[PDB]
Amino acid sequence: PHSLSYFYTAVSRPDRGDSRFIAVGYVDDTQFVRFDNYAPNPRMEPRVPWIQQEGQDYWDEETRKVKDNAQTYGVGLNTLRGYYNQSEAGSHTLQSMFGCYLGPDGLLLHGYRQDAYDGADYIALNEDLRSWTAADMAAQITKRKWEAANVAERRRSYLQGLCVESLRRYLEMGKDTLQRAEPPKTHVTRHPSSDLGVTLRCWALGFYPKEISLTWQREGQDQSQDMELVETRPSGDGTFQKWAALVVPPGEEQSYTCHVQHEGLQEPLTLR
């Protein structure tokens, strides 16, 4: 299912009581907008070609809304500083992620909104979009506040309405690219770099979306081999790459196989 997601970061300053606010928006794993309130006369800005098909009215309205949101997060930094009895001497962070997944009927499939303070879970909208889960006792204060004010219905109205409708609009606007998965381009490299043995490295490059599985298998053993596995990383052009490596005895390279799973592949892939 396609998704539309926003990631908000607010950071307080040990300084003049103001705060930095950064917002990024994604359709699936494709970033399409950004906002940064330290830019002069800050605007929501395009970050992918297809969203540049929007008129200036769109950018004006998105700018208005995200500037208001940044104000709200500025106040929230202070409030949470109070909840946790922290001084105004240090910098703190308030993060939110929210968004919607599109169902098979063109309606909301799953929606979410989650907040973290100083990098730890703070409060989350539950799957039913009508109740909250608080992570500690300060979050209980926030939860009582939002329950009494039916903030959950604000979230649910957005996720079931504007979120999915704007996502469908985006999928049509970027139909030339957003409907594409890119399968990994794969190869195995061999590095006889040590007396310890021969390093085999299985590479997957240029794939999209970012979810992938690379595993090494040795003939005669069912379990995956222990391996050196790097975290999935961006290629810079919107795709991703990953590799998995291990050291094998000098003459035994042929008994090892790298197995690749990605949604762009028409069958699971076995490499040597």
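We number the residues from 1 along the sequence you see.
Student: Mean CA B-factor: is it higher for 83-91 or for 154-162?
Tutor: Between 83-91 and 154-162, it is 83-91.
Student: Got a sec? Mean C-alpha B-factor, which is higher, 54-62 or 29-37?
Tutor: Averaged over C-alpha atoms, the B-factors run higher in 54-62.
Student: Just grab whichever of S193, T189, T177, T186 has the top CA B-factor as deposited.
Tutor: Answer, based on the entry's C-alpha B-factors: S193.
Student: Whose CA atom has the top B-factor in the entry, of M173, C202, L125, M97?
Tutor: Answer, based on the entry's C-alpha B-factors: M173.
Student: Place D105 in the lowest, middle or highest third of its chain's C-alpha B-factors, as listed in the PDB entry.
Tutor: As the PDB entry reports it, the C-alpha B-factor of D105 lands in the highest third of its chain.
Student: Going by what the PDB entry lists, where does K145 fall on CA B-factor within its chain: lowest, middle or highest third?
Tutor: As the PDB entry reports it, the C-alpha B-factor of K145 lands in the highest third of its chain.
Student: If you rank the chain by CA B-factor, which third does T9 end up in: lowest, middle or highest?
Tutor: Bottom third by C-alpha B-factor.
Student: When the modelled residues of the chain are sorted by Cα temperature factor, does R16 land in the lowest, middle or highest third?
Tutor: Highest third of the chain for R16's C-alpha B-factor.
Student: For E219, return the chain-relative third of its C-alpha B-factor as stated in the PDB record: lowest, middle or highest.
Tutor: As the PDB entry reports it, the C-alpha B-factor of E219 lands in the highest third of its chain.
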